[PDB]
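Shown below, as structure tokens, is a lone chain in the form deposited in one PDB entry; questions about how it binds or moves come after it.
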């Protein structure tokens, strides 16, 4: 099933090779794939471990404006976010997480809420 809109959460972690290593959180990102995935991966582990939550994590590590809702960008409609986002998001099950997604901004991890 794939409706016209769904709720999902994501964690943005730009890198040094990002199209624009700068966001509302910082203006000089020099974190490479190592430091990049190192953050996302670490976040994934804690969550799957039951120690931390993507919501709490994302916020404290959300380089994007998503940090406001701790990553949760509410319910959106197809054609709003990057293609890879919608697909992975709309392809994940209830309470699922998408692996490291490399996009213009950097590496993003999404999850299906609705």
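Numbering follows the first chain given and starts at 1.
We do not show the form deposited with a small molecule bound, though everything after this point is about it.
**Study point:** The single option of 81, 88, 47, 40 touching the small molecule in the deposited complex, heavy atom within 4.5 Å
**Key:** Only one option qualifies, and that one is 81.
Practice item. State yes or no: in the deposited complex, is some non-hydrogen atom of residue 15 no more than 4.5 angstroms from a non-hydrogen atom of the small molecule? Key: No.
Practice item. Tell me, yes or no, whether residue 77 is in contact with the small molecule in the deposited complex, where a contact means a heavy atom of each within 4.5 Å. Key: No - in the deposited complex, heavy atoms of residue 77 and the small molecule never come within 4.5 Å of each other.
Check your understanding: Is there a heavy atom of residue 32 no more than 4.5 Å from a heavy atom of the small molecule in the deposited complex?
Key -> Judged by the heavy-atom cut-off of 4.5 Å, residue 32 is well away from the small molecule in the deposited complex.
Practice item. Examine residue 105 and determine whether its closest non-hydrogen atom to the small molecule in the deposited complex is within 4.5 angstroms. Key: Contact check for residue 105: yes, within 4.5 Å of the small molecule in the deposited complex.
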